[PDB]
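Containing compact mmCIF, C-alpha atoms and all ligand atoms: final09.txt.
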```txt
# COMPACT_ATOMS: atom_id res chain seq x y z
CA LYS O 1 21.88 -22.29 16.34
CA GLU O 2 19.24 -19.67 15.55
CA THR O 3 15.81 -20.77 16.86
CA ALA O 4 12.82 -21.28 14.46
CA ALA O 5 11.15 -18.31 16.20
CA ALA O 6 14.12 -15.97 15.71
CA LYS O 7 14.55 -17.15 12.05
CA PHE O 8 10.90 -16.13 11.45
CA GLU O 9 11.46 -12.65 13.07
CA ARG O 10 14.56 -12.23 10.93
CA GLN O 11 12.93 -13.23 7.71
CA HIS O 12 9.59 -11.61 8.22
CA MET O 13 9.31 -8.89 10.92
CA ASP O 14 9.76 -5.23 10.10
CA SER O 15 7.30 -3.26 12.33
CA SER O 16 7.09 0.28 10.98
CA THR O 17 8.19 3.32 13.00
CA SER O 18 5.65 6.18 13.46
CA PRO O 19 7.39 8.49 10.86
CA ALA O 20 7.28 5.59 8.30
CA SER O 21 3.70 4.44 9.00
CA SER O 22 0.87 4.80 6.40
CA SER O 23 -1.13 6.96 8.79
CA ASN O 24 1.46 9.69 7.92
CA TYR O 25 1.05 9.30 4.14
CA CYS O 26 -1.36 12.22 3.77
CA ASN O 27 0.68 14.64 5.85
CA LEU O 28 3.82 14.01 3.71
CA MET O 29 1.96 13.89 0.37
CA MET O 30 -0.29 16.98 0.82
CA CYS O 31 2.97 18.83 1.56
CA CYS O 32 5.15 17.38 -1.25
CA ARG O 33 2.44 17.92 -3.93
CA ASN O 34 2.26 21.51 -2.79
CA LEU O 35 -1.32 21.43 -1.58
CA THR O 36 -0.58 23.15 1.77
CA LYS O 37 1.51 26.19 0.64
CA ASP O 38 -1.12 28.91 1.00
CA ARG O 39 -3.77 27.29 3.17
CA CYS O 40 -4.67 23.68 4.15
CA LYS O 41 -6.62 22.00 1.26
CA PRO O 42 -9.50 20.50 3.24
CA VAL O 43 -9.96 17.24 1.33
CA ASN O 44 -7.95 15.66 -1.54
CA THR O 45 -7.85 12.11 -2.93
CA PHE O 46 -4.83 10.33 -4.36
CA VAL O 47 -5.42 7.57 -6.88
CA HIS O 48 -3.07 4.58 -7.04
CA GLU O 49 -4.10 2.99 -10.38
CA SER O 50 -2.19 3.60 -13.56
CA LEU O 51 -2.56 6.96 -15.35
CA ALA O 52 -4.01 5.01 -18.32
CA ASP O 53 -6.80 3.61 -16.15
CA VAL O 54 -7.58 7.00 -14.61
CA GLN O 55 -7.55 8.80 -18.04
CA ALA O 56 -9.83 6.02 -19.26
CA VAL O 57 -12.54 7.20 -16.89
CA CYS O 58 -13.25 10.11 -19.15
CA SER O 59 -14.94 7.60 -21.47
CA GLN O 60 -16.85 5.66 -18.80
CA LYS O 61 -20.07 6.52 -16.87
CA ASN O 62 -21.18 10.14 -17.49
CA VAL O 63 -22.67 11.62 -14.26
CA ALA O 64 -23.53 15.11 -13.04
CA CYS O 65 -20.66 17.03 -11.47
CA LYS O 66 -21.32 18.51 -7.96
CA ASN O 67 -21.08 22.02 -9.48
CA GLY O 68 -23.74 21.37 -12.05
CA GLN O 69 -21.71 20.63 -15.14
CA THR O 70 -22.01 17.45 -17.07
CA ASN O 71 -18.40 16.75 -18.15
CA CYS O 72 -18.03 14.42 -15.07
CA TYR O 73 -17.42 10.67 -15.34
CA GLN O 74 -17.44 7.78 -12.78
CA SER O 75 -15.16 4.81 -13.26
CA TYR O 76 -17.07 1.53 -13.97
CA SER O 77 -14.74 -0.15 -11.43
CA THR O 78 -13.54 0.60 -7.93
CA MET O 79 -9.87 1.82 -7.75
CA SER O 80 -7.35 1.85 -4.99
CA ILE O 81 -7.30 5.36 -3.57
CA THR O 82 -6.16 7.13 -0.40
CA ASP O 83 -8.48 9.88 1.05
CA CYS O 84 -6.83 12.79 2.91
CA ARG O 85 -8.88 15.16 5.05
CA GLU O 86 -7.92 17.78 7.55
CA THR O 87 -7.97 16.67 11.23
CA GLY O 88 -9.83 18.90 13.68
CA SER O 89 -6.56 20.18 15.09
CA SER O 90 -4.91 21.01 11.68
CA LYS O 91 -4.02 24.72 11.41
CA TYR O 92 -2.10 26.37 8.51
CA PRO O 93 0.91 26.24 7.98
CA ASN O 94 0.94 23.14 10.27
CA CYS O 95 -1.68 21.29 8.20
CA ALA O 96 -2.57 17.78 9.45
CA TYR O 97 -4.51 15.08 7.81
CA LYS O 98 -6.23 11.73 8.52
CA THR O 99 -5.20 9.05 5.97
CA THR O 100 -7.82 6.53 4.78
CA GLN O 101 -6.94 3.88 2.17
CA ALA O 102 -9.95 2.55 0.29
CA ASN O 103 -11.26 0.98 -2.87
CA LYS O 104 -13.98 3.14 -4.47
CA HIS O 105 -15.25 4.38 -7.77
CA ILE O 106 -13.86 7.80 -8.65
CA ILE O 107 -15.64 10.64 -10.31
CA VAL O 108 -13.54 13.11 -12.33
CA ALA O 109 -14.26 16.13 -14.51
CA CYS O 110 -12.71 15.92 -17.99
CA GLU O 111 -11.84 18.58 -20.54
CA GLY O 112 -9.50 19.18 -23.50
CA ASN O 113 -8.08 17.35 -26.47
CA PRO O 114 -7.28 14.63 -25.61
CA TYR O 115 -10.21 14.51 -23.24
CA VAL O 116 -8.56 13.84 -19.91
CA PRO O 117 -9.17 14.39 -16.09
CA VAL O 118 -8.78 18.01 -14.97
CA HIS O 119 -10.63 17.94 -11.56
CA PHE O 120 -11.37 15.17 -8.93
CA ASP O 121 -14.98 15.41 -7.98
CA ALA O 122 -15.70 12.55 -5.52
CA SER O 123 -15.02 8.94 -4.61
CA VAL O 124 -18.09 6.69 -4.07
CA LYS Y 1 1.62 27.75 -16.71
CA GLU Y 2 1.30 24.06 -15.61
CA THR Y 3 -1.47 22.44 -17.61
CA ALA Y 4 -4.94 21.53 -16.23
CA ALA Y 5 -4.03 17.91 -17.03
CA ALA Y 6 -0.65 18.13 -15.29
CA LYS Y 7 -2.23 19.87 -12.28
CA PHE Y 8 -4.66 16.95 -11.93
CA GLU Y 9 -1.73 14.51 -12.02
CA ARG Y 10 0.11 16.50 -9.36
CA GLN Y 11 -2.80 16.76 -6.99
CA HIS Y 12 -4.30 13.37 -7.50
CA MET Y 13 -2.08 10.63 -9.14
CA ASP Y 14 0.21 8.40 -7.16
CA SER Y 15 0.34 5.22 -9.25
CA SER Y 16 1.66 2.03 -7.69
CA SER Y 23 10.85 0.56 -3.79
CA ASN Y 24 14.48 -0.46 -3.39
CA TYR Y 25 12.97 -1.42 0.08
CA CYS Y 26 13.14 -5.16 -0.91
CA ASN Y 27 16.67 -4.83 -2.35
CA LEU Y 28 18.00 -3.54 0.99
CA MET Y 29 15.93 -5.65 3.42
CA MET Y 30 16.54 -8.93 1.53
CA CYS Y 31 20.22 -8.18 1.96
CA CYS Y 32 20.16 -6.77 5.56
CA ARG Y 33 18.25 -9.86 6.72
CA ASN Y 34 20.80 -12.16 5.13
CA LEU Y 35 18.40 -13.48 2.54
CA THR Y 36 20.89 -12.95 -0.35
CA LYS Y 37 24.07 -14.38 1.28
CA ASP Y 38 24.87 -17.28 -1.02
CA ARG Y 39 21.91 -17.17 -3.40
CA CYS Y 40 18.99 -14.83 -4.04
CA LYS Y 41 15.96 -16.09 -2.00
CA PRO Y 42 13.25 -15.89 -4.75
CA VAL Y 43 10.32 -14.44 -2.81
CA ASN Y 44 9.85 -13.19 0.79
CA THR Y 45 7.24 -11.21 2.80
CA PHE Y 46 7.76 -8.68 5.60
CA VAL Y 47 4.96 -7.77 8.09
CA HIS Y 48 4.79 -4.21 9.37
CA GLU Y 49 2.51 -4.80 12.38
CA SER Y 50 3.97 -4.97 15.92
CA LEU Y 51 5.58 -8.22 16.96
CA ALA Y 52 2.90 -8.67 19.57
CA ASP Y 53 0.08 -8.43 16.98
CA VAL Y 54 1.83 -10.96 14.73
CA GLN Y 55 2.44 -13.44 17.57
CA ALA Y 56 -1.24 -13.11 18.58
CA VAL Y 57 -2.19 -14.61 15.15
CA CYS Y 58 -1.17 -18.09 16.69
CA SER Y 59 -4.32 -17.68 18.75
CA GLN Y 60 -6.63 -16.58 15.94
CA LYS Y 61 -8.15 -18.53 13.01
CA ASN Y 62 -6.76 -22.15 12.88
CA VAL Y 63 -6.45 -23.24 9.20
CA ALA Y 64 -4.67 -25.94 7.25
CA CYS Y 65 -1.17 -25.05 6.03
CA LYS Y 66 -0.35 -25.45 2.34
CA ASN Y 67 1.62 -28.62 3.21
CA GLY Y 68 -1.40 -30.10 5.03
CA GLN Y 69 -0.12 -29.47 8.56
CA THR Y 70 -2.81 -28.33 10.96
CA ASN Y 71 -0.84 -25.75 13.00
CA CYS Y 72 -1.38 -22.79 10.66
CA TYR Y 73 -3.27 -19.65 11.70
CA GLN Y 74 -4.81 -16.92 9.72
CA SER Y 75 -5.01 -13.35 11.07
CA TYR Y 76 -8.53 -12.16 11.83
CA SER Y 77 -7.67 -8.73 10.47
CA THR Y 78 -5.61 -7.57 7.45
CA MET Y 79 -2.02 -6.56 8.22
CA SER Y 80 0.24 -4.16 6.34
CA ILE Y 81 2.89 -6.28 4.49
CA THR Y 82 5.39 -6.00 1.65
CA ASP Y 83 5.97 -8.78 -0.84
CA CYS Y 84 9.47 -9.05 -2.29
CA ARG Y 85 9.80 -10.89 -5.64
CA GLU Y 86 13.00 -11.47 -7.59
CA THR Y 87 13.10 -9.43 -10.82
CA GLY Y 88 13.64 -11.07 -14.18
CA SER Y 89 17.25 -9.72 -14.40
CA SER Y 90 18.15 -10.55 -10.79
CA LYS Y 91 21.38 -12.61 -10.78
CA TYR Y 92 23.41 -13.63 -7.79
CA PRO Y 93 25.58 -11.82 -6.36
CA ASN Y 94 23.50 -8.91 -7.77
CA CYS Y 95 20.09 -9.91 -6.40
CA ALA Y 96 17.23 -7.54 -7.44
CA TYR Y 97 13.62 -7.43 -6.21
CA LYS Y 98 10.29 -5.83 -7.08
CA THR Y 99 8.60 -4.41 -3.99
CA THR Y 100 4.81 -4.61 -3.67
CA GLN Y 101 2.99 -3.32 -0.61
CA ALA Y 102 -0.39 -4.86 0.44
CA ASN Y 103 -2.85 -5.15 3.30
CA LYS Y 104 -3.96 -8.77 3.63
CA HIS Y 105 -4.59 -11.46 6.13
CA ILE Y 106 -1.45 -13.47 6.89
CA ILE Y 107 -1.23 -17.19 7.51
CA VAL Y 108 1.67 -18.48 9.69
CA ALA Y 109 2.51 -21.94 11.08
CA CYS Y 110 3.10 -21.79 14.81
CA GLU Y 111 4.97 -24.09 17.23
CA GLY Y 112 6.71 -24.10 20.51
CA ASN Y 113 6.33 -22.97 24.01
CA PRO Y 114 5.36 -20.08 23.90
CA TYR Y 115 3.40 -20.84 20.70
CA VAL Y 116 4.71 -18.37 18.15
CA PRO Y 117 5.10 -18.12 14.34
CA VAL Y 118 7.91 -20.22 12.86
CA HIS Y 119 6.92 -20.10 9.13
CA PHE Y 120 5.10 -17.61 6.77
CA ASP Y 121 2.66 -19.77 4.79
CA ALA Y 122 0.64 -17.21 2.69
CA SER Y 123 -1.32 -13.90 2.55
CA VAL Y 124 -5.05 -13.97 1.60
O1 LIG O 201 4.93 -23.63 1.85
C1 LIG O 201 4.15 -22.46 1.58
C2 LIG O 201 4.88 -21.53 0.62
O2 LIG O 201 6.02 -20.90 1.22
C3 LIG O 201 6.51 -19.87 0.33
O3 LIG O 201 5.46 -18.99 -0.10
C4 LIG O 201 4.81 -18.29 0.98
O4 LIG O 201 5.77 -17.56 1.78
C5 LIG O 201 6.37 -16.45 1.09
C6 LIG O 201 7.26 -15.75 2.10
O5 LIG O 201 8.07 -16.78 2.68
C7 LIG O 201 5.28 -15.48 0.65
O6 LIG O 201 5.88 -14.33 0.03
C8 LIG O 201 4.34 -16.20 -0.30
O7 LIG O 201 3.28 -15.29 -0.63
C9 LIG O 201 3.73 -17.36 0.46
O8 LIG O 201 2.76 -18.07 -0.34
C10 LIG O 201 7.07 -20.55 -0.91
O9 LIG O 201 7.63 -19.56 -1.78
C11 LIG O 201 5.95 -21.30 -1.62
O10 LIG O 201 6.51 -22.07 -2.70
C12 LIG O 201 5.26 -22.27 -0.66
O11 LIG O 201 4.09 -22.78 -1.31
```

Can the structure from this file be put into C-alpha cells for me?
Amino acid sequence: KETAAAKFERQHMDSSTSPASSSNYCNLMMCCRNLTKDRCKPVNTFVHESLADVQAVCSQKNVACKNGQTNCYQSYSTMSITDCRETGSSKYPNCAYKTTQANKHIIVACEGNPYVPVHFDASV
Amino acid sequence: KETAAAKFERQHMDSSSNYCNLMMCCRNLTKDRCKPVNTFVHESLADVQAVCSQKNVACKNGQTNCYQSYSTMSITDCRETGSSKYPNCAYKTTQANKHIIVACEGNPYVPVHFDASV
C-alpha cells in the first residue's frame, strides 16, 4: 500500500532538471527572440504582464528618457518582469546571461499612432 | 520591415502549458476522475523535506503539524479548465514562486499533505 510519504512525492514532487530550470530562461529567450545573432545584447528585460497593460503605460507617468527625450512613461504599478544581463564569461556567439525575476515599475519610450511602446528604457 | 511596435513586442513581451495536462496524467491523478486542483514543487526533495523543520503553523483543518517554508519555492498550480470532462481531463497551468505549507508526520518526519501556498 503506497505510504503517505510516497503519495505526497507522487502528487507533488517534480524537481526541475538544469536545462529546464528558470536560471536558464534568459539564455534560451535572448537566443529565440534573436537578440544574440550579431553580438550579445548586454541587458534586456522581458515583461510578463498582458500586452494591454504594457501598452497602457504610454498613458501613465511621463518621465525623462535616459537619452534625453520626453516620450518616456513609467507604469503606475510594479509588473512581473525578468531581467537578463550578460555574465562575465559570456562571449559572442556563446552569449550567456544571468536571469533575475522581479516585480518593478517599467519605463518605456512610446511613439506612433496608436501611441505604443517602441523602446524599453529601464525597470525601477 | 518589422514595425517599431512589433520589434518592442519581440524583444520585450512574454505575457503569462500542457505541463499540467501531462503531469496530472503521468502521476495518476486523472485515472478514474479528474482531480480538480493540484500543485507540483520544483525544488529538490531535500529542500522540500526540510520544510518539516521550518515554520510550524496551523493547517487549514486545525491540525498543528503543518509547516511553512521560510523561503519561496518555484511551484506550478494545476487547475481544471471549465471544459475539462473525464476521461478528457484538461488543466490550466500557472507557475508561481511562493511559500509552501505542508503537513508532516512520521519517522523520519516528512511531508504527507500539501496544505497551501502563501
Ligand atoms: O485541506 C487544505 C486544502 O487542500 C487542497 O488545497 C490545497 O492543496 C492543493 C494541492 O493539493 C493546492 O493546489 C491548493 O492551493 C491548496 O490550498 C484542497 O483543494 C482544498 O479544498 C483544501 O482546503

Tell me as a list in words which residues belonging to chain O come within 7 Å of chain Y, counting all atoms listed in the file. residues 4, 5, 8, 10, 11, 12, 13, 14, 15, 16, 33, 45, 46, 47, 48, 49, 50, 51, 116, 117, 118 and 119 of chain O

Restricting it to C-alpha atoms, dump the selection as an mmCIF file, keeping the file's coordinate frame.
```cif
data_model
loop_
_atom_site.group_PDB
_atom_site.id
_atom_site.type_symbol
_atom_site.label_atom_id
_atom_site.label_comp_id
_atom_site.auth_asym_id
_atom_site.auth_seq_id
_atom_site.Cartn_x
_atom_site.Cartn_y
_atom_site.Cartn_z
ATOM 1 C CA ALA O 4 12.820 -21.280 14.460
ATOM 2 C CA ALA O 5 11.150 -18.310 16.200
ATOM 3 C CA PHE O 8 10.900 -16.130 11.450
ATOM 4 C CA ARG O 10 14.560 -12.230 10.930
ATOM 5 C CA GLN O 11 12.930 -13.230 7.710
ATOM 6 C CA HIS O 12 9.590 -11.610 8.220
ATOM 7 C CA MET O 13 9.310 -8.890 10.920
ATOM 8 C CA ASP O 14 9.760 -5.230 10.100
ATOM 9 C CA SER O 15 7.300 -3.260 12.330
ATOM 10 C CA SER O 16 7.090 0.280 10.980
ATOM 11 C CA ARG O 33 2.440 17.920 -3.930
ATOM 12 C CA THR O 45 -7.850 12.110 -2.930
ATOM 13 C CA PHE O 46 -4.830 10.330 -4.360
ATOM 14 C CA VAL O 47 -5.420 7.570 -6.880
ATOM 15 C CA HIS O 48 -3.070 4.580 -7.040
ATOM 16 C CA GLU O 49 -4.100 2.990 -10.380
ATOM 17 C CA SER O 50 -2.190 3.600 -13.560
ATOM 18 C CA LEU O 51 -2.560 6.960 -15.350
ATOM 19 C CA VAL O 116 -8.560 13.840 -19.910
ATOM 20 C CA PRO O 117 -9.170 14.390 -16.090
ATOM 21 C CA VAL O 118 -8.780 18.010 -14.970
ATOM 22 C CA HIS O 119 -10.630 17.940 -11.560
#
```

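Those protein and nucleic acid residues that have any atom within 7 Å of ligand LIG 201 (chain O) are, using all atoms listed in the file, residues 43, 44, 45, 66, 67, 83, 84, 120, 121, 122 and 123 of chain Y.
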
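The space between atom CA of residue 39 of chain Y and atom CA of residue 93 of chain Y spans 7.1 Å.
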
Residues within 10 Å of residue 97 of chain Y, please, as a compact mmCIF listing (two decimals) with C-alpha atoms, keeping the file's coordinate frame. Count all atoms listed in the file; anything in the same chain fewer than 5 positions from it doesn't count.
```txt
# COMPACT_ATOMS: atom_id res chain seq x y z
CA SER Y 23 10.85 0.56 -3.79
CA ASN Y 24 14.48 -0.46 -3.39
CA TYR Y 25 12.97 -1.42 0.08
CA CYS Y 26 13.14 -5.16 -0.91
CA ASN Y 27 16.67 -4.83 -2.35
CA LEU Y 28 18.00 -3.54 0.99
CA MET Y 30 16.54 -8.93 1.53
CA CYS Y 40 18.99 -14.83 -4.04
CA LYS Y 41 15.96 -16.09 -2.00
CA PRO Y 42 13.25 -15.89 -4.75
CA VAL Y 43 10.32 -14.44 -2.81
CA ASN Y 44 9.85 -13.19 0.79
CA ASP Y 83 5.97 -8.78 -0.84
CA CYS Y 84 9.47 -9.05 -2.29
CA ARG Y 85 9.80 -10.89 -5.64
CA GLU Y 86 13.00 -11.47 -7.59
CA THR Y 87 13.10 -9.43 -10.82
CA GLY Y 88 13.64 -11.07 -14.18
CA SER Y 89 17.25 -9.72 -14.40
CA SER Y 90 18.15 -10.55 -10.79
```

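The space separating atom CA of residue 106 of chain O from atom CA of residue 59 of chain O comes to 12.9 Å.
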
Near segment 79-86 of chain O, within 7 Å and counting all atoms listed in the file, which residues show up once chain neighbours fewer than 6 positions away are dropped, as a PDB file with C-alpha atoms, keeping the file's coordinate frame?
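To be explicit, this is the file written out as around05.pdb:
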```pdb
ATOM      1  CA  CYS O  26      -1.360  12.220   3.770  1.00  0.00           C
ATOM      2  CA  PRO O  42      -9.500  20.500   3.240  1.00  0.00           C
ATOM      3  CA  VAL O  43      -9.960  17.240   1.330  1.00  0.00           C
ATOM      4  CA  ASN O  44      -7.950  15.660  -1.540  1.00  0.00           C
ATOM      5  CA  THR O  45      -7.850  12.110  -2.930  1.00  0.00           C
ATOM      6  CA  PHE O  46      -4.830  10.330  -4.360  1.00  0.00           C
ATOM      7  CA  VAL O  47      -5.420   7.570  -6.880  1.00  0.00           C
ATOM      8  CA  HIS O  48      -3.070   4.580  -7.040  1.00  0.00           C
ATOM      9  CA  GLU O  49      -4.100   2.990 -10.380  1.00  0.00           C
ATOM     10  CA  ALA O  96      -2.570  17.780   9.450  1.00  0.00           C
ATOM     11  CA  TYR O  97      -4.510  15.080   7.810  1.00  0.00           C
ATOM     12  CA  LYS O  98      -6.230  11.730   8.520  1.00  0.00           C
ATOM     13  CA  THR O  99      -5.200   9.050   5.970  1.00  0.00           C
ATOM     14  CA  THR O 100      -7.820   6.530   4.780  1.00  0.00           C
ATOM     15  CA  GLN O 101      -6.940   3.880   2.170  1.00  0.00           C
ATOM     16  CA  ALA O 102      -9.950   2.550   0.290  1.00  0.00           C
ATOM     17  CA  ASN O 103     -11.260   0.980  -2.870  1.00  0.00           C
ATOM     18  CA  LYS O 104     -13.980   3.140  -4.470  1.00  0.00           C
ATOM     19  CA  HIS O 105     -15.250   4.380  -7.770  1.00  0.00           C
TER      20      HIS O 105
END
```
